[PDB]
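Trainee: This one is an experimental structure. Sequence first:
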Amino acid sequence: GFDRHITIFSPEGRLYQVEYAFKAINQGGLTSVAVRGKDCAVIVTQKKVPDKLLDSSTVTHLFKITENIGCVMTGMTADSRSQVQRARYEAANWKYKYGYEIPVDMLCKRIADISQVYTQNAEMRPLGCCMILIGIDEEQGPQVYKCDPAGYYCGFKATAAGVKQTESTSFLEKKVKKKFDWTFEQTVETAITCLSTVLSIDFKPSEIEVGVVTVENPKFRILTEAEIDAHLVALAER
Amino acid sequence: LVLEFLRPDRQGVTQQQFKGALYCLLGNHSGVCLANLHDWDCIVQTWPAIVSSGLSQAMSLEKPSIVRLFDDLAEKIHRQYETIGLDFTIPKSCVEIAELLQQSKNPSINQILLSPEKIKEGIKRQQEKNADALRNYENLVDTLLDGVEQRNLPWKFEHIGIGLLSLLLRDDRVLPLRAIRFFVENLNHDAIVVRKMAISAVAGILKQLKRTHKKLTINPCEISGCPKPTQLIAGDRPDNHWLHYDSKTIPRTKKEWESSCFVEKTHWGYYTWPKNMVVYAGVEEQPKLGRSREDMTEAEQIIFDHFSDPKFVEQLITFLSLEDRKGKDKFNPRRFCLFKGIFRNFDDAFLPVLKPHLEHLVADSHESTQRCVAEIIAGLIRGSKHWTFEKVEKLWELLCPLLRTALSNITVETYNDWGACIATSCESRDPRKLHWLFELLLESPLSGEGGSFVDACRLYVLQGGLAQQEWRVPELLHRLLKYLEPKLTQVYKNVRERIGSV
Amino acid sequence: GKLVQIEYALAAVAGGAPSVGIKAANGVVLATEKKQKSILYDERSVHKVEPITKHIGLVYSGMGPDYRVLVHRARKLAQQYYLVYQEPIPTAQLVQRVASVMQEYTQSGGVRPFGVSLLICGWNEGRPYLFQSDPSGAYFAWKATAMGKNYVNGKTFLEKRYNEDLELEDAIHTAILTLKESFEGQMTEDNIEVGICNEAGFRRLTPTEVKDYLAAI
Amino acid sequence: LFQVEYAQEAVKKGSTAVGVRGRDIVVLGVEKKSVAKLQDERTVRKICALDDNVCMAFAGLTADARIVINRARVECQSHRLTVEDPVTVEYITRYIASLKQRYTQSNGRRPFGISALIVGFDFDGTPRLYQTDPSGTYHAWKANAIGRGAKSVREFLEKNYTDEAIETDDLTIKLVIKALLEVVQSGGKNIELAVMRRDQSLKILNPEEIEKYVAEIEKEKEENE
Amino acid sequence: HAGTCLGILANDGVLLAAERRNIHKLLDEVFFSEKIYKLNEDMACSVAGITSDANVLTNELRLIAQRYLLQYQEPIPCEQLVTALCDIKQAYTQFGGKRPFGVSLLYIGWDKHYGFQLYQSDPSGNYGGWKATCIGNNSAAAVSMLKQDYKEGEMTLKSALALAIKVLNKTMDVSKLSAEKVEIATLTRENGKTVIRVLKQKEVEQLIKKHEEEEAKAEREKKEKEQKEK
Ligand SMILES: O=P(O)(O)O[C@H]1[C@@H](OP(=O)(O)O)[C@@H](OP(=O)(O)O)[C@@H](OP(=O)(O)O)[C@@H](OP(=O)(O)O)[C@H]1OP(=O)(O)O
């Protein structure tokens, strides 16, 4: 029937190819956790360098869409780079056309709208990637937003993507239900504890990559291995 | 309880309850319909209720679903209807086997033999049940007739009721006289759908009112004078010669017509003679034709009065003449059955009333007018089988001119209908009896006065008649071969194809 | 097959979250269920009920990304009419234009039909208007309609509750009741999104306003 | 291939059209089928004027004929605009055949599905009759027939066509009527006849006029008997 | 066969009468205008289809008439308007990459060339001129009824309206004919202007009343005739 082969409706009313695209995000085997605190938003992803020959600097899943906006990409790497390039172009065009930096919510909608086109048209396959965008909104404070291959986008207090997303979301839900607004140290701790618990890795500083945006410093910053180590050592002594 | 929701008098029934009850009456695709239940007692309650649901007040025909449910209820009833008993007596031979089964040892429970009093009680109950079933059947016809005649009933419900009434034709009993009057009167109902339903019903009523014809056993060897050879020789033989059509053999006299055997069906005599061969009784023994209407039974009188009236026939002829589908219309053998029944039962009593209409219909070249006359002509010829020589001769003096004009006026639209009329008229008949028609179409089929195509159509109508009489016309086939042989090199393509087929 | 694809698109709408529209003498109310799957989701981030113009608003049951494409087109169509005629677009005119875009997707090949059914409320010439548009491109005018899961059950409930003369405040209460019938859990101001159309024009009721109506029920 | 055969079936079912080329008159006659009790016959034509000097009779799908006739009529005016001369009957037939060869879409029922008898007079004054086919083959005929009974009508025409038959305008009209009368049986009720004439506009004979010619042929047949 | 549309041509006028049906109670009467759309001053059309299908076809037909008016500043002749739409329908069916239009339309109009006219367009793109015709639900029964009662050249608008009420009563599934459930429009020439008037509900109600009383008189006569025969 070609219902499974291309993005057309099934008898049940479901598009299987989008569901297959979601399976692709897990195929990479990496998990990303993003948490929104009272004054900051943080992204942590597991980074695995399979070969000693590979240069460590080149392998990254955290990218800077704009000076104040950064993203984490989970899924096929080449598809991830394609979405990152599209987001960067959209952000520049918005500043040129409207004279102000694109809001994180608006950028997630633009990428999600491009994603819907792939679901509607048979010739183009959906991209098997998840984009989590973190930024500080001047009006509404720290913002975490996630885009899907289906073209759905939503704002999240905390969110996860990857092989352990279902397990990661469960750990995050318990912390969000209890506790209170978290300080920057607590928000970085929550993300690292969540990834550590699901993957049982006891991460050394090299294994995890951390990206942060704060109300005090809106610009996106990737923490250095020493800064990640300081968070890890504090977590160990607790 | 389900019928209460669809009762017209009941108030506060609601749209939902009425729709649900109709679904319960429709039943599952597989399972109990609940409206087509075999017992008469169940059918008598359900069928009138569905017809009278039109006046319910909880019925909205405007909603499409309600109309779909009513159409489905009628369709399911029509497809799954089976005739329901009316007599259930068991033969004595069966009871004798049953008595032995009761008196069988091994897997046996000791039981007293049925008392003579008990056996009598069973006969009384069965007789009461069969009488009760007949009472219900007459009531169902009467109650359905009351429903269709309701002052303010939606048209769809009247159509559903007339279809249910059509299902009640019995074949073991004549229809109640009131119903016979309704169907003959509704022959000219304004709706074509009701008119077609009436045509089918009245043809069935005519078979019910038919009077049986006596038959005489005959010895084929004695009439032929041949020895009747023991070996199963097949094909033309000395014993089968009388059946063959010969110009000298054709009776052409009152005395000769009575003397001739007139076998009828083509199959008889070709392979072997039947152990008992029946040729029909003499005219005196056969039921008297030309009754005065005082003699005719009340049911026959109802059909006679309507058909005899000039106005009723004029309306029926106009309704029959009207086109229904352009280029999809055909002979409609049900119309032929109605005319054949009328002519066979009434012996050309209505022939004078129909005569002015037949002449006008033949003259008109319209495809519809020609089709209507063709059905009447085929029925008139087929209905003439048991008519006396004086009556048959009169029919042919009127028919020979009308057929000649019709064949002359044959056209692409009406050629097939005329072929059907000749084939239906010829089928199941003795060739010698139909000599007038055989001479009429064989005189000059390729005259060329009409032109090409008309000649091919005239050859085609003749071919259909010759095909129906198989092996019983050794001559005529020879005469056609002689006529065709000179014209074989002088014909156009349309005629050539027809000559090849013949 | 294009017709089969339309039937399949209708199935996706039926599987979609329940949405209810009620038209009353002074206003039209559009109500939808927005149950966030997890405590993690931010309720205020995304809105199911969206304004097309000052006097026109729309709600949907079905796929949300597909719904967004239609809302952008609908907002553009409203602006194009305003530029040419310098008057707010009649709601019936907008629904006809929105329907044409959905028909184009069904007719064309290599593109699936939209999987979203749209309920559009508008106020023009002092008369309330409520309309429903299908993936097929068909549009109907409804005094009350329910779309999404348990739409058939919701529509029958609407038949008993609806009165020809109703105030908008009463209409809001019945619309919430229709959603309550098919709501799996407790209904809260965050869980349900409600939009009202009046002489003032389409507005999305603030969560504080929704809380007051929920308390009354 | 299959499409061309399907088009040929449609033309075979079409109303018979017979045309004769005469010294001063080209005659086109088409049988007129009955329509319906409540229908109006004005819409059904089957004989169309492509231009002042050219007339066409068609057997085949009515809808496809309308498109071909409109395109041909626009071409006749375009030819007159470009060259200033009336279209030759051969030129219009060649254009219609080319249009039949390509419907302008790949596949998409490329054969138009109408067989056309095109009759008219050249600027020189030469009478011309041509036949167009769904295949796109176009031929010139002294007399020809298309539609139901065409093969039988052609054989009658082959025997009947003679110098004596085309000697006078009335005789040429009678020859067309006699050939049509074989395929279609009636008087003037089922026959439509158009006479182009020479250097004169196409004239469609009124029902009374066709009946008078039909009456004369019957009288001649009675005298022959 | 979405809804029954019946057109009758009479010596003084043409009328299009169309069924108005409510599938659901909650559906509004905004589309109660139904058929008799008004292509131009002299022409009107009825569509046997859903309202969405009718709007695309009616808008294209109005555009064709207006384009004629811009070029010639005179109203489009009725046959030309029907032929132009039929060509678009034929092209969609003829070309492989298109789907044929599924709506059959009935057209009533007055032109200087042929006077009052009624036309029918099939989804195929073929059109016919009809003295009287029906499209939509139960079309077959209506066409049979029209042939039986139509008198060619003797019909008057009043006789045509009465035939329409009689044929609609026995073909429409209304159960009881009501002014709300039937819409009738009349095209007539007054002075030098063609006037298209949708009959008012009070006027339509009067026609239903006249039909009902006439039916009662016939029923009373039938009972009296049976009594006389007895
Ligand atoms: O002998 P019956 O059972 O009463 O019926 C026979 C016979 O029917 P069978 O050959 O089947 O017994 C004929 O043939 P059918 O065409 O009915 O098969 C005949 O019909 P034709 O008039 O067409 O020859 C006619 O039946 P009917 O006249 O009722 O149609 C005739 O019955 P009769 O003995 O009453 O003539």
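Mentor: Now that the structure is in, tell me what you want to look at. Numbering: from 1, shown residues only, chains lettered A, B, ... in the order given.
Trainee: residue contacts, the residue positioned nearest the centre of chain B?
Mentor: In chain B, the residue lying closest to the centroid (Cα atoms, centre = their mean) is residue B:337, at 3.8 Å. Residues near residue B:337 by Cβ atoms under 8 Å, 6 or more residues apart in numbering or on different chains: B:203, B:206, B:379. For every residue, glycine as well, the C-beta is placed using N, CA and C.
Trainee: which SSE is it in?
Mentor: If you go by DSSP states H and E, residue B:337 is part of helix B:333-346.
Trainee: again with residue A:115
Mentor: helix A:104-120.
Trainee: Parallel or antiparallel, which strands does the helix or strand just after that helix pair with?
Mentor: Using DSSP H and E, the helix or strand that follows helix A:104-120 towards the C-terminus is strand A:129-137. With DSSP bridges as the test, strand A:129-137 is paired with strand A:69-75 (antiparallel), strand A:141-147 (antiparallel).
Trainee: Please render those strands as a markdown table that adds mean neighbour count and distance to residue D:63 to the earlier fields.
Mentor: Output for the strands paired with strand A:129-137, formatted as a markdown table (neighbours: other Cβ atoms under 10 Å in any protein chain shown; distance: least, Cβ to Cβ, whole Å):
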| stretch | mean neighbour count | distance to residue D:63 |
| --- | --- | --- |
| strand A:69-75 | 27 | 54 |
| strand A:141-147 | 24 | 51 |
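Trainee: looking at the ones you listed, which is closest to residue A:123?
Mentor: Ranking those by proximity to residue A:123 (Cβ to Cβ) places strand A:69-75 first, at 20.7 Å.
Trainee: now the closest one against helix A:104-120, angle please.
Mentor: Following axes from the mean of the first three to the mean of the last three Cα atoms, to 10 degrees, one obtains 30 degrees for the angle between strand A:69-75 and helix A:104-120.
Trainee: Which residues outside strand A:69-75 are in contact with it?
Mentor: A:24-25, A:27-28, A:30-32, A:34, A:43, A:45, A:61-65, A:80-81, A:83-84, A:87, A:91, A:101-102, A:104, A:107, A:127-135, A:161-162, A:211, A:213, A:220, A:222.
Trainee: Need the strands paired with strand A:129-137 in CSV (columns: distance to residue B:356).
Mentor: Converted to CSV, those look like this (distance: least, Cβ to Cβ, whole Å):
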stretch, distance to residue B:356
strand A:69-75, 91
strand A:141-147, 88
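Trainee: Look up how far residue A:28 lies from residue E:72.
Mentor: Residue E:72 sits at a distance of 69 Å from residue A:28 (criterion: Cβ to Cβ, to the nearest Å).
Trainee: who's more crowded, these two?
Mentor: residue A:28 (20 against 9; other Cβ atoms under 10 Å in any protein chain shown).
Trainee: Count the neighbours of residue B:365 for me.
Mentor: Quick note: residue B:365 (other Cβ under 10 Å) scores 18 neighbours.
Trainee: I figured it hits residue B:412, correct?
Mentor: No: under the criterion of Cβ atoms under 8 Å, residue B:365 makes no contact with residue B:412, lying 11.4 Å away.
Trainee: And the strands in chain A, which stretches?
Mentor: Along chain A, the stretches classed as strands by DSSP state E are A:31-36, A:40-46, A:62-66, A:69-75, A:129-137, A:141-147, A:153-155, A:158-162, A:208-214, A:221-222.
Trainee: Now do the third one against strand A:31-36, angle only.
Mentor: Just to be clear, that refers to strand A:62-66. Using the same axes, to 10 degrees: strand A:62-66 against strand A:31-36 is 50 degrees.
Trainee: In terms of secondary structure, what does strand A:62-66 contact?
Mentor: Using 3 or more Cβ pairs under 8 Å, 6 or more residues apart in numbering or on different chains; DSSP states H and E, the elements in contact with strand A:62-66 are strand A:69-75, helix A:77-98.
Trainee: how far out from the middle of the chain is it?
Mentor: What separates the centre of strand A:62-66 from the centre of its chain is 11 Å, taken as Cα atoms, centre = their mean, to the nearest Å.
Trainee: Can you give the strand pairings for it, parallel or anti for each?
Mentor: strand A:69-75 (antiparallel).
Trainee: For the partner strand, list the C-alpha coordinates in CSV.
Mentor: C-alpha atoms of strand A:69-75 as CSV (Å, rounded to 0.1, in the frame of the first residue of the first chain):
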residue,chain,number,x,y,z
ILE,A,69,20.6,30.6,21.8
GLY,A,70,22.3,27.1,21.9
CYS,A,71,20.9,23.7,21.0
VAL,A,72,21.5,20.0,21.6
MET,A,73,21.0,17.6,18.6
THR,A,74,20.0,13.9,19.2
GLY,A,75,19.8,11.6,16.2
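Trainee: one step back: so which of the strands of chain A is nearest residue E:210?
Mentor: Ranking the strands of chain A by proximity to residue E:210 (Cβ to Cβ) places strand A:153-155 first, at 65.7 Å.
Trainee: Now look at that closest one and say if it contacts chain C.
Mentor: Yes: counting by Cβ under 8 Å from any Cβ of the partner chain, chain C has neighbours in strand A:153-155: A:153-155.
Trainee: any idea how far residue B:304 lies from residue D:131?
Mentor: Using Cβ to Cβ, residue B:304 is found at 62 Å from residue D:131.
Trainee: Please disregard the earlier target; I meant residue E:154.
Mentor: If you go by Cβ to Cβ, the gap between residue E:154 and residue D:131 works out to 45 Å.
Trainee: So these two - more neighbours on which side?
Mentor: Taking neighbours as other Cβ under 10 Å, residue E:154 and residue D:131 compare with residue D:131 leading, 21 against 9.
Trainee: what's across from that one in the sheet?
Mentor: On the basis of DSSP bridges, residue D:131 is bridged to residue D:117, residue D:139.
Trainee: residues touching it, list them.
Mentor: Going by Cβ under 8 Å, 6+ apart, residue D:131 touches D:115-118, D:138-139, D:141, D:144, D:146.
Trainee: All set, thanks.
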